[PDB]
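Trainee: Sharing a structure here in structure tokens format.
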Amino acid sequence: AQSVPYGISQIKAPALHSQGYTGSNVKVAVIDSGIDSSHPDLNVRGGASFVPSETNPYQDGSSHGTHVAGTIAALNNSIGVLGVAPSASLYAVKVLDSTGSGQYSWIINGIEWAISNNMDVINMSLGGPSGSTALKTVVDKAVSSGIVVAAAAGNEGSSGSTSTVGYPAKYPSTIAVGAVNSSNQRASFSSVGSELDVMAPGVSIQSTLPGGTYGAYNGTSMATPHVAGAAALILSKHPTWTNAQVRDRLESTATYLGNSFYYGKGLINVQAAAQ
């Protein structure tokens, strides 16, 4: 049978599913380590690899990109798990290799592909303590071109009063996403700062793994796809909403959880964002 991971219900996605909104015709680029396109519980519509050593985007040697994609869009059916937007159009934009690392050049090429191929949403479950001028340029370009960009806040935890948000989540134009558990407690490794925007489930997140299996991971990498999917659910109900509009909904209708330095606006609530 199919299971619904707790995170999916936590952000209220099933309420949208009941209403008939499952992310149909919304194009979501998973900018990551590839996606195992052969996974029975995933439907990958296209893609591109910008990893010179890994020409095939439809395979995932890491598992990270695959697990992220299943949080966004694992298919609604009789097996496995269920995505936030199970009818979303999933694109494999390989910019990380099988070790789960990549170069800013490769990342930028992926985002450039996303723009040229008219994606509605970009998931970047990645980041680092410094950015590059070229990365900010292309991330801002994607935003100004109409794309919702969800980026992982990072897993650097707290450090007194200092921001530990990584790039590209640190940039104003991106949605910076932190991790909570099933009780809405911030996860201890979740990066903090004024640049942190919202929270999503990021602890013990069951999702798809390459080879057609399922497993749980922790991180802001797992939180982030809940927000990417949520953006797809919203757009599938509100096809004329702008990326600015979707962001401001996801943010303003979030469930306040505490001090914004630690929680931003709180836990996303897609039912309330989509109203």
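Note on naming: chains are A, B, ... as they come in the structure tokens, residues start from 1 per chain, ligands start from 1 in the order shown.
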With only C-alpha atoms counted and 9 Å as the cut-off, give the residues of region 25-61 of chain A in contact with region 194-213 of chain A, each with its shortest interatomic distance in Å and the pair that gives it, as a Markdown table.
Mentor:
| residue | atom | partner | partner_atom | distance |
| --- | --- | --- | --- | --- |
| A:35 | CA | A:210 | CA | 7.9 |
| A:36 | CA | A:210 | CA | 5.5 |
| A:37 | CA | A:210 | CA | 8.7 |
| A:38 | CA | A:212 | CA | 7.4 |
| A:39 | CA | A:212 | CA | 4.6 |
| A:40 | CA | A:212 | CA | 6.0 |
| A:41 | CA | A:208 | CA | 7.4 |
| A:42 | CA | A:208 | CA | 8.1 |
| A:59 | CA | A:210 | CA | 8.2 |
| A:60 | CA | A:210 | CA | 6.7 |
| A:61 | CA | A:210 | CA | 8.0 |
Trainee: Hey, what's within 10 Å of residue 102 (chain A) if we count only C-alpha atoms and toss same-chain stuff fewer than 3 positions away? As a list in words, please?
Mentor: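 That gives residues 32, 33, 50, 51, 94, 95, 96, 97, 98, 99, 105, 106, 107, 126 and 127 of chain A.
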Trainee: DSSP on the backbone, then: every residue of region 34-274 of chain A marked alpha helix (DSSP H), written as a PDB file with N, CA, C and O atoms, in the first residue's frame.
Mentor:
ATOM      1  N   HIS A  64      20.283  11.723  -2.672  1.00  0.00           N
ATOM      2  CA  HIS A  64      19.750  12.974  -2.193  1.00  0.00           C
ATOM      3  C   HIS A  64      18.688  13.560  -3.150  1.00  0.00           C
ATOM      4  O   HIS A  64      17.550  13.879  -2.728  1.00  0.00           O
ATOM      5  N   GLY A  65      19.044  13.709  -4.438  1.00  0.00           N
ATOM      6  CA  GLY A  65      18.147  14.270  -5.405  1.00  0.00           C
ATOM      7  C   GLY A  65      16.849  13.478  -5.579  1.00  0.00           C
ATOM      8  O   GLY A  65      15.791  14.031  -5.782  1.00  0.00           O
ATOM      9  N   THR A  66      16.957  12.154  -5.467  1.00  0.00           N
ATOM     10  CA  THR A  66      15.820  11.277  -5.585  1.00  0.00           C
ATOM     11  C   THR A  66      14.848  11.440  -4.428  1.00  0.00           C
ATOM     12  O   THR A  66      13.624  11.395  -4.633  1.00  0.00           O
ATOM     13  N   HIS A  67      15.389  11.455  -3.217  1.00  0.00           N
ATOM     14  CA  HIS A  67      14.609  11.582  -1.962  1.00  0.00           C
ATOM     15  C   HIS A  67      13.897  12.964  -1.970  1.00  0.00           C
ATOM     16  O   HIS A  67      12.681  13.069  -1.747  1.00  0.00           O
ATOM     17  N   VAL A  68      14.609  13.999  -2.392  1.00  0.00           N
ATOM     18  CA  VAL A  68      14.011  15.326  -2.491  1.00  0.00           C
ATOM     19  C   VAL A  68      12.865  15.324  -3.447  1.00  0.00           C
ATOM     20  O   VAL A  68      11.854  15.900  -3.148  1.00  0.00           O
ATOM     21  N   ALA A  69      13.023  14.639  -4.604  1.00  0.00           N
ATOM     22  CA  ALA A  69      12.001  14.656  -5.645  1.00  0.00           C
ATOM     23  C   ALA A  69      10.788  13.922  -5.113  1.00  0.00           C
ATOM     24  O   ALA A  69       9.683  14.323  -5.398  1.00  0.00           O
ATOM     25  N   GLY A  70      10.972  12.890  -4.336  1.00  0.00           N
ATOM     26  CA  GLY A  70       9.768  12.189  -3.883  1.00  0.00           C
ATOM     27  C   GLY A  70       8.914  13.023  -2.894  1.00  0.00           C
ATOM     28  O   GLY A  70       7.726  12.818  -2.802  1.00  0.00           O
ATOM     29  N   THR A  71       9.541  13.921  -2.152  1.00  0.00           N
ATOM     30  CA  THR A  71       8.834  14.811  -1.193  1.00  0.00           C
ATOM     31  C   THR A  71       8.003  15.787  -2.008  1.00  0.00           C
ATOM     32  O   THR A  71       6.901  16.150  -1.625  1.00  0.00           O
ATOM     33  N   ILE A  72       8.567  16.220  -3.129  1.00  0.00           N
ATOM     34  CA  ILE A  72       7.843  17.104  -4.006  1.00  0.00           C
ATOM     35  C   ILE A  72       6.661  16.379  -4.680  1.00  0.00           C
ATOM     36  O   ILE A  72       5.532  16.906  -4.720  1.00  0.00           O
ATOM     37  N   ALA A  73       6.928  15.184  -5.230  1.00  0.00           N
ATOM     38  CA  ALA A  73       5.995  14.627  -6.236  1.00  0.00           C
ATOM     39  C   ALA A  73       5.832  13.106  -6.311  1.00  0.00           C
ATOM     40  O   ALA A  73       5.447  12.612  -7.379  1.00  0.00           O
ATOM     41  N   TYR A 104      29.926  25.688  -8.465  1.00  0.00           N
ATOM     42  CA  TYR A 104      29.009  26.790  -8.697  1.00  0.00           C
ATOM     43  C   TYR A 104      28.725  26.928 -10.186  1.00  0.00           C
ATOM     44  O   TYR A 104      27.581  27.151 -10.583  1.00  0.00           O
ATOM     45  N   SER A 105      29.744  26.724 -11.020  1.00  0.00           N
ATOM     46  CA  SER A 105      29.538  26.732 -12.452  1.00  0.00           C
ATOM     47  C   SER A 105      28.456  25.756 -12.837  1.00  0.00           C
ATOM     48  O   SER A 105      27.597  26.092 -13.644  1.00  0.00           O
ATOM     49  N   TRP A 106      28.466  24.539 -12.264  1.00  0.00           N
ATOM     50  CA  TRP A 106      27.478  23.484 -12.679  1.00  0.00           C
ATOM     51  C   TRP A 106      26.091  23.858 -12.222  1.00  0.00           C
ATOM     52  O   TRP A 106      25.117  23.682 -12.944  1.00  0.00           O
ATOM     53  N   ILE A 107      26.031  24.334 -10.977  1.00  0.00           N
ATOM     54  CA  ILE A 107      24.787  24.852 -10.376  1.00  0.00           C
ATOM     55  C   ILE A 107      24.152  25.980 -11.208  1.00  0.00           C
ATOM     56  O   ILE A 107      23.028  25.971 -11.539  1.00  0.00           O
ATOM     57  N   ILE A 108      24.944  26.956 -11.570  1.00  0.00           N
ATOM     58  CA  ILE A 108      24.515  28.067 -12.394  1.00  0.00           C
ATOM     59  C   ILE A 108      23.974  27.541 -13.751  1.00  0.00           C
ATOM     60  O   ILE A 108      22.886  27.922 -14.176  1.00  0.00           O
ATOM     61  N   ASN A 109      24.678  26.624 -14.391  1.00  0.00           N
ATOM     62  CA  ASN A 109      24.215  26.101 -15.677  1.00  0.00           C
ATOM     63  C   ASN A 109      22.776  25.456 -15.552  1.00  0.00           C
ATOM     64  O   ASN A 109      21.937  25.602 -16.416  1.00  0.00           O
ATOM     65  N   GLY A 110      22.584  24.729 -14.475  1.00  0.00           N
ATOM     66  CA  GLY A 110      21.288  24.115 -14.116  1.00  0.00           C
ATOM     67  C   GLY A 110      20.197  25.147 -13.953  1.00  0.00           C
ATOM     68  O   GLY A 110      19.074  24.959 -14.419  1.00  0.00           O
ATOM     69  N   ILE A 111      20.488  26.228 -13.235  1.00  0.00           N
ATOM     70  CA  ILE A 111      19.475  27.273 -13.017  1.00  0.00           C
ATOM     71  C   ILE A 111      19.194  27.966 -14.376  1.00  0.00           C
ATOM     72  O   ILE A 111      18.051  28.297 -14.678  1.00  0.00           O
ATOM     73  N   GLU A 112      20.249  28.173 -15.166  1.00  0.00           N
ATOM     74  CA  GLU A 112      20.099  28.764 -16.529  1.00  0.00           C
ATOM     75  C   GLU A 112      19.214  27.884 -17.380  1.00  0.00           C
ATOM     76  O   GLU A 112      18.350  28.384 -18.047  1.00  0.00           O
ATOM     77  N   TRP A 113      19.381  26.555 -17.285  1.00  0.00           N
ATOM     78  CA  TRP A 113      18.495  25.587 -17.973  1.00  0.00           C
ATOM     79  C   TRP A 113      17.042  25.689 -17.519  1.00  0.00           C
ATOM     80  O   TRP A 113      16.089  25.689 -18.351  1.00  0.00           O
ATOM     81  N   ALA A 114      16.891  25.864 -16.220  1.00  0.00           N
ATOM     82  CA  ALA A 114      15.587  26.009 -15.631  1.00  0.00           C
ATOM     83  C   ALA A 114      14.820  27.238 -16.165  1.00  0.00           C
ATOM     84  O   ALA A 114      13.619  27.181 -16.462  1.00  0.00           O
ATOM     85  N   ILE A 115      15.531  28.319 -16.331  1.00  0.00           N
ATOM     86  CA  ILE A 115      14.982  29.544 -16.869  1.00  0.00           C
ATOM     87  C   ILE A 115      14.656  29.327 -18.344  1.00  0.00           C
ATOM     88  O   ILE A 115      13.523  29.604 -18.768  1.00  0.00           O
ATOM     89  N   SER A 116      15.630  28.827 -19.125  1.00  0.00           N
ATOM     90  CA  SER A 116      15.373  28.667 -20.570  1.00  0.00           C
ATOM     91  C   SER A 116      14.206  27.726 -20.860  1.00  0.00           C
ATOM     92  O   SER A 116      13.467  27.918 -21.835  1.00  0.00           O
ATOM     93  N   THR A 133      29.380  35.816  -7.031  1.00  0.00           N
ATOM     94  CA  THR A 133      28.680  36.873  -7.692  1.00  0.00           C
ATOM     95  C   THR A 133      27.846  36.338  -8.825  1.00  0.00           C
ATOM     96  O   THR A 133      26.751  36.822  -9.078  1.00  0.00           O
ATOM     97  N   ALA A 134      28.395  35.331  -9.496  1.00  0.00           N
ATOM     98  CA  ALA A 134      27.724  34.724 -10.630  1.00  0.00           C
ATOM     99  C   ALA A 134      26.463  33.920 -10.228  1.00  0.00           C
ATOM    100  O   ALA A 134      25.462  33.929 -10.966  1.00  0.00           O
ATOM    101  N   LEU A 135      26.531  33.257  -9.058  1.00  0.00           N
ATOM    102  CA  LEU A 135      25.395  32.554  -8.494  1.00  0.00           C
ATOM    103  C   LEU A 135      24.260  33.508  -8.140  1.00  0.00           C
ATOM    104  O   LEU A 135      23.112  33.252  -8.444  1.00  0.00           O
ATOM    105  N   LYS A 136      24.580  34.604  -7.474  1.00  0.00           N
ATOM    106  CA  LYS A 136      23.534  35.562  -7.114  1.00  0.00           C
ATOM    107  C   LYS A 136      22.882  36.109  -8.400  1.00  0.00           C
ATOM    108  O   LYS A 136      21.671  36.244  -8.470  1.00  0.00           O
ATOM    109  N   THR A 137      23.708  36.440  -9.387  1.00  0.00           N
ATOM    110  CA  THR A 137      23.206  36.974 -10.652  1.00  0.00           C
ATOM    111  C   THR A 137      22.160  36.021 -11.244  1.00  0.00           C
ATOM    112  O   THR A 137      21.068  36.458 -11.594  1.00  0.00           O
ATOM    113  N   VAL A 138      22.487  34.737 -11.348  1.00  0.00           N
ATOM    114  CA  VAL A 138      21.586  33.801 -12.011  1.00  0.00           C
ATOM    115  C   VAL A 138      20.370  33.472 -11.131  1.00  0.00           C
ATOM    116  O   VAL A 138      19.271  33.313 -11.639  1.00  0.00           O
ATOM    117  N   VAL A 139      20.556  33.446  -9.809  1.00  0.00           N
ATOM    118  CA  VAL A 139      19.398  33.235  -8.912  1.00  0.00           C
ATOM    119  C   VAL A 139      18.441  34.426  -8.984  1.00  0.00           C
ATOM    120  O   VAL A 139      17.202  34.282  -9.060  1.00  0.00           O
ATOM    121  N   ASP A 140      19.013  35.627  -9.012  1.00  0.00           N
ATOM    122  CA  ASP A 140      18.148  36.808  -9.127  1.00  0.00           C
ATOM    123  C   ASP A 140      17.452  36.830 -10.496  1.00  0.00           C
ATOM    124  O   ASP A 140      16.316  37.249 -10.587  1.00  0.00           O
ATOM    125  N   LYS A 141      18.130  36.348 -11.540  1.00  0.00           N
ATOM    126  CA  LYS A 141      17.571  36.264 -12.895  1.00  0.00           C
ATOM    127  C   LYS A 141      16.354  35.317 -12.922  1.00  0.00           C
ATOM    128  O   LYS A 141      15.329  35.635 -13.502  1.00  0.00           O
ATOM    129  N   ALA A 142      16.496  34.149 -12.303  1.00  0.00           N
ATOM    130  CA  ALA A 142      15.409  33.183 -12.211  1.00  0.00           C
ATOM    131  C   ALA A 142      14.182  33.786 -11.531  1.00  0.00           C
ATOM    132  O   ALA A 142      13.042  33.613 -12.026  1.00  0.00           O
ATOM    133  N   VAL A 143      14.413  34.476 -10.417  1.00  0.00           N
ATOM    134  CA  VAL A 143      13.349  35.200  -9.681  1.00  0.00           C
ATOM    135  C   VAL A 143      12.693  36.304 -10.504  1.00  0.00           C
ATOM    136  O   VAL A 143      11.424  36.343 -10.653  1.00  0.00           O
ATOM    137  N   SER A 144      13.496  37.181 -11.096  1.00  0.00           N
ATOM    138  CA  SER A 144      12.939  38.233 -11.928  1.00  0.00           C
ATOM    139  C   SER A 144      12.227  37.671 -13.198  1.00  0.00           C
ATOM    140  O   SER A 144      11.351  38.352 -13.768  1.00  0.00           O
ATOM    141  N   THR A 220      17.721  20.234   6.297  1.00  0.00           N
ATOM    142  CA  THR A 220      16.969  21.270   5.640  1.00  0.00           C
ATOM    143  C   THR A 220      16.785  20.887   4.148  1.00  0.00           C
ATOM    144  O   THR A 220      15.963  21.475   3.479  1.00  0.00           O
ATOM    145  N   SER A 221      17.570  19.930   3.637  1.00  0.00           N
ATOM    146  CA  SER A 221      17.352  19.398   2.295  1.00  0.00           C
ATOM    147  C   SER A 221      15.972  18.741   2.140  1.00  0.00           C
ATOM    148  O   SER A 221      15.400  18.701   1.034  1.00  0.00           O
ATOM    149  N   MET A 222      15.469  18.235   3.251  1.00  0.00           N
ATOM    150  CA  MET A 222      14.186  17.500   3.256  1.00  0.00           C
ATOM    151  C   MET A 222      12.984  18.466   3.465  1.00  0.00           C
ATOM    152  O   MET A 222      11.857  18.209   2.992  1.00  0.00           O
ATOM    153  N   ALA A 223      13.258  19.552   4.204  1.00  0.00           N
ATOM    154  CA  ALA A 223      12.305  20.602   4.482  1.00  0.00           C
ATOM    155  C   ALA A 223      11.960  21.319   3.185  1.00  0.00           C
ATOM    156  O   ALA A 223      10.794  21.550   2.865  1.00  0.00           O
ATOM    157  N   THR A 224      12.998  21.675   2.446  1.00  0.00           N
ATOM    158  CA  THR A 224      12.903  22.521   1.277  1.00  0.00           C
ATOM    159  C   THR A 224      11.866  22.059   0.195  1.00  0.00           C
ATOM    160  O   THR A 224      11.099  22.886  -0.274  1.00  0.00           O
ATOM    161  N   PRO A 225      11.884  20.780  -0.200  1.00  0.00           N
ATOM    162  CA  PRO A 225      10.901  20.216  -1.139  1.00  0.00           C
ATOM    163  C   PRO A 225       9.470  20.301  -0.687  1.00  0.00           C
ATOM    164  O   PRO A 225       8.576  20.291  -1.522  1.00  0.00           O
ATOM    165  N   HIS A 226       9.218  20.350   0.632  1.00  0.00           N
ATOM    166  CA  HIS A 226       7.844  20.580   1.118  1.00  0.00           C
ATOM    167  C   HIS A 226       7.395  21.988   0.632  1.00  0.00           C
ATOM    168  O   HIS A 226       6.302  22.217   0.229  1.00  0.00           O
ATOM    169  N   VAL A 227       8.306  22.934   0.641  1.00  0.00           N
ATOM    170  CA  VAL A 227       7.971  24.261   0.212  1.00  0.00           C
ATOM    171  C   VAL A 227       7.915  24.350  -1.290  1.00  0.00           C
ATOM    172  O   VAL A 227       7.098  25.075  -1.808  1.00  0.00           O
ATOM    173  N   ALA A 228       8.788  23.638  -2.003  1.00  0.00           N
ATOM    174  CA  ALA A 228       8.680  23.621  -3.445  1.00  0.00           C
ATOM    175  C   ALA A 228       7.400  23.044  -3.907  1.00  0.00           C
ATOM    176  O   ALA A 228       6.760  23.596  -4.739  1.00  0.00           O
ATOM    177  N   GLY A 229       7.035  21.838  -3.465  1.00  0.00           N
ATOM    178  CA  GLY A 229       5.696  21.293  -3.719  1.00  0.00           C
ATOM    179  C   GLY A 229       4.515  22.193  -3.394  1.00  0.00           C
ATOM    180  O   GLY A 229       3.522  22.296  -4.176  1.00  0.00           O
ATOM    181  N   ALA A 230       4.584  22.780  -2.215  1.00  0.00           N
ATOM    182  CA  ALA A 230       3.549  23.738  -1.740  1.00  0.00           C
ATOM    183  C   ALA A 230       3.415  24.849  -2.768  1.00  0.00           C
ATOM    184  O   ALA A 230       2.269  25.263  -3.104  1.00  0.00           O
ATOM    185  N   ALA A 231       4.568  25.358  -3.281  1.00  0.00           N
ATOM    186  CA  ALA A 231       4.454  26.377  -4.308  1.00  0.00           C
ATOM    187  C   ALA A 231       3.725  25.812  -5.575  1.00  0.00           C
ATOM    188  O   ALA A 231       2.890  26.475  -6.233  1.00  0.00           O
ATOM    189  N   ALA A 232       3.994  24.546  -5.895  1.00  0.00           N
ATOM    190  CA  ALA A 232       3.314  23.933  -7.045  1.00  0.00           C
ATOM    191  C   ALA A 232       1.807  23.748  -6.823  1.00  0.00           C
ATOM    192  O   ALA A 232       1.006  24.039  -7.731  1.00  0.00           O
ATOM    193  N   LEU A 233       1.408  23.278  -5.619  1.00  0.00           N
ATOM    194  CA  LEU A 233      -0.022  23.206  -5.258  1.00  0.00           C
ATOM    195  C   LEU A 233      -0.686  24.524  -5.406  1.00  0.00           C
ATOM    196  O   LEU A 233      -1.727  24.584  -6.067  1.00  0.00           O
ATOM    197  N   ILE A 234      -0.073  25.585  -4.851  1.00  0.00           N
ATOM    198  CA  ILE A 234      -0.677  26.888  -4.961  1.00  0.00           C
ATOM    199  C   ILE A 234      -0.891  27.263  -6.441  1.00  0.00           C
ATOM    200  O   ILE A 234      -1.863  27.866  -6.771  1.00  0.00           O
ATOM    201  N   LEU A 235       0.110  27.044  -7.279  1.00  0.00           N
ATOM    202  CA  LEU A 235       0.075  27.583  -8.659  1.00  0.00           C
ATOM    203  C   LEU A 235      -0.947  26.834  -9.455  1.00  0.00           C
ATOM    204  O   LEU A 235      -1.469  27.373 -10.430  1.00  0.00           O
ATOM    205  N   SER A 236      -1.188  25.583  -9.077  1.00  0.00           N
ATOM    206  CA  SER A 236      -2.129  24.724  -9.770  1.00  0.00           C
ATOM    207  C   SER A 236      -3.572  25.131  -9.453  1.00  0.00           C
ATOM    208  O   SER A 236      -4.477  24.948 -10.278  1.00  0.00           O
ATOM    209  N   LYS A 237      -3.763  25.764  -8.290  1.00  0.00           N
ATOM    210  CA  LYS A 237      -5.028  26.381  -7.985  1.00  0.00           C
ATOM    211  C   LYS A 237      -5.119  27.825  -8.522  1.00  0.00           C
ATOM    212  O   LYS A 237      -6.199  28.261  -8.906  1.00  0.00           O
ATOM    213  N   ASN A 243       5.329  34.584  -8.840  1.00  0.00           N
ATOM    214  CA  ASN A 243       6.200  34.053  -7.805  1.00  0.00           C
ATOM    215  C   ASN A 243       6.228  34.857  -6.524  1.00  0.00           C
ATOM    216  O   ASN A 243       6.248  34.254  -5.463  1.00  0.00           O
ATOM    217  N   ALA A 244       6.265  36.194  -6.629  1.00  0.00           N
ATOM    218  CA  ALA A 244       6.113  37.124  -5.487  1.00  0.00           C
ATOM    219  C   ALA A 244       4.868  36.889  -4.698  1.00  0.00           C
ATOM    220  O   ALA A 244       4.868  36.843  -3.454  1.00  0.00           O
ATOM    221  N   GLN A 245       3.771  36.687  -5.416  1.00  0.00           N
ATOM    222  CA  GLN A 245       2.495  36.394  -4.775  1.00  0.00           C
ATOM    223  C   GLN A 245       2.539  35.086  -3.998  1.00  0.00           C
ATOM    224  O   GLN A 245       2.147  35.050  -2.843  1.00  0.00           O
ATOM    225  N   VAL A 246       3.003  34.022  -4.633  1.00  0.00           N
ATOM    226  CA  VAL A 246       3.100  32.675  -3.978  1.00  0.00           C
ATOM    227  C   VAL A 246       3.987  32.707  -2.730  1.00  0.00           C
ATOM    228  O   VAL A 246       3.603  32.289  -1.645  1.00  0.00           O
ATOM    229  N   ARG A 247       5.157  33.304  -2.863  1.00  0.00           N
ATOM    230  CA  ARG A 247       6.015  33.481  -1.723  1.00  0.00           C
ATOM    231  C   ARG A 247       5.327  34.215  -0.591  1.00  0.00           C
ATOM    232  O   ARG A 247       5.447  33.855   0.583  1.00  0.00           O
ATOM    233  N   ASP A 248       4.650  35.302  -0.911  1.00  0.00           N
ATOM    234  CA  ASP A 248       4.112  36.108   0.158  1.00  0.00           C
ATOM    235  C   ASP A 248       2.948  35.393   0.872  1.00  0.00           C
ATOM    236  O   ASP A 248       2.766  35.483   2.096  1.00  0.00           O
ATOM    237  N   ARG A 249       2.211  34.580   0.133  1.00  0.00           N
ATOM    238  CA  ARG A 249       1.243  33.651   0.733  1.00  0.00           C
ATOM    239  C   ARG A 249       1.875  32.607   1.593  1.00  0.00           C
ATOM    240  O   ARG A 249       1.548  32.559   2.766  1.00  0.00           O
ATOM    241  N   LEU A 250       2.802  31.842   1.042  1.00  0.00           N
ATOM    242  CA  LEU A 250       3.480  30.806   1.868  1.00  0.00           C
ATOM    243  C   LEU A 250       4.002  31.415   3.140  1.00  0.00           C
ATOM    244  O   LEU A 250       3.883  30.807   4.205  1.00  0.00           O
ATOM    245  N   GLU A 251       4.620  32.568   3.053  1.00  0.00           N
ATOM    246  CA  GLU A 251       5.176  33.195   4.243  1.00  0.00           C
ATOM    247  C   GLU A 251       4.086  33.703   5.274  1.00  0.00           C
ATOM    248  O   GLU A 251       4.069  33.275   6.485  1.00  0.00           O
ATOM    249  N   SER A 252       3.099  34.455   4.771  1.00  0.00           N
ATOM    250  CA  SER A 252       2.208  35.178   5.649  1.00  0.00           C
ATOM    251  C   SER A 252       1.190  34.323   6.311  1.00  0.00           C
ATOM    252  O   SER A 252       0.596  34.787   7.285  1.00  0.00           O
ATOM    253  N   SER A 260      11.413  34.536  15.300  1.00  0.00           N
ATOM    254  CA  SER A 260      11.656  34.389  13.845  1.00  0.00           C
ATOM    255  C   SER A 260      13.131  34.125  13.476  1.00  0.00           C
ATOM    256  O   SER A 260      13.458  33.711  12.310  1.00  0.00           O
ATOM    257  N   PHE A 261      14.032  34.374  14.415  1.00  0.00           N
ATOM    258  CA  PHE A 261      15.477  34.171  14.113  1.00  0.00           C
ATOM    259  C   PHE A 261      15.715  32.662  13.918  1.00  0.00           C
ATOM    260  O   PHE A 261      16.568  32.226  13.136  1.00  0.00           O
ATOM    261  N   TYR A 262      14.909  31.897  14.628  1.00  0.00           N
ATOM    262  CA  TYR A 262      14.968  30.459  14.687  1.00  0.00           C
ATOM    263  C   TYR A 262      13.883  29.814  13.777  1.00  0.00           C
ATOM    264  O   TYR A 262      14.085  28.724  13.295  1.00  0.00           O
ATOM    265  N   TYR A 263      12.768  30.491  13.547  1.00  0.00           N
ATOM    266  CA  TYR A 263      11.642  29.805  12.896  1.00  0.00           C
ATOM    267  C   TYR A 263      11.125  30.551  11.701  1.00  0.00           C
ATOM    268  O   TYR A 263      10.234  30.066  11.038  1.00  0.00           O
ATOM    269  N   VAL A 270      -0.112  25.146   3.532  1.00  0.00           N
ATOM    270  CA  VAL A 270      -0.503  25.317   2.106  1.00  0.00           C
ATOM    271  C   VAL A 270      -1.984  25.509   1.938  1.00  0.00           C
ATOM    272  O   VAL A 270      -2.417  26.189   0.988  1.00  0.00           O
ATOM    273  N   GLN A 271      -2.767  24.926   2.843  1.00  0.00           N
ATOM    274  CA  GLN A 271      -4.251  25.076   2.785  1.00  0.00           C
ATOM    275  C   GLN A 271      -4.598  26.558   2.982  1.00  0.00           C
ATOM    276  O   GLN A 271      -5.414  27.171   2.222  1.00  0.00           O
ATOM    277  N   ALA A 272      -3.947  27.154   3.971  1.00  0.00           N
ATOM    278  CA  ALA A 272      -4.231  28.552   4.269  1.00  0.00           C
ATOM    279  C   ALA A 272      -3.590  29.514   3.206  1.00  0.00           C
ATOM    280  O   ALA A 272      -4.188  30.534   2.842  1.00  0.00           O
ATOM    281  N   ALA A 273      -2.404  29.169   2.680  1.00  0.00           N
ATOM    282  CA  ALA A 273      -1.695  29.945   1.636  1.00  0.00           C
ATOM    283  C   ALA A 273      -2.505  29.985   0.333  1.00  0.00           C
ATOM    284  O   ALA A 273      -2.434  30.949  -0.392  1.00  0.00           O
TER     285      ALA A 273
END
Trainee: Interatomic distance between CA of residue 122 (chain A) and CA of residue 19 (chain A)?
Mentor: 24.4 Å
Trainee: Quick one: residues within 6 Å of residue 79 (chain A), only C-alpha atoms counted, chain neighbours fewer than 2 positions away excluded, as a ChimeraX atom specification?
Mentor: /A:1-2,77
Trainee: For each of A:161, A:173, A:117, A:218, take the minimum atom-to-atom distance to residue 46 (chain A), counting only C-alpha atoms, then give the residue where this is smallest.
Mentor: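 Closest candidate: A:117.
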Trainee: If you run DSSP on this backbone, which residues of region 32-272 of chain A come out as strand (DSSP E or B), and could you give them as a ChimeraX atom specification?
Mentor: /A:32,44-49,51,54,89-94,121-124,128,148-152,159,161,167,175-180,186,198-201,205-209,213-217,255,267
Trainee: What is the CA of residue 267 (chain A)-CA of residue 255 (chain A) distance in Å, reported with one decimal?
Mentor: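 The value is 4.9 Å.
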Trainee: Quick one, how far is CA of residue 27 (chain A) from CA of residue 118 (chain A)?
Mentor: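 Between CA of residue 27 (chain A) and CA of residue 118 (chain A) the gap works out to 7.7 Å.
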Trainee: Kindly indicate which residue among A:160, A:264, A:166, A:219 lies nearest to residue 179 (chain A), using only C-alpha atoms for the distances.
Mentor: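 Of A:160, A:264, A:166, A:219, the one nearest residue 179 (chain A) is A:219, counting only C-alpha atoms.
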Trainee: Near residue 26 (chain A), counting only C-alpha atoms, which residues have an atom at most 6 Å away, once you skip same-chain residues fewer than 3 positions from it, shown as a list in words?
Mentor: residues 23, 88, 89 and 232 of chain A
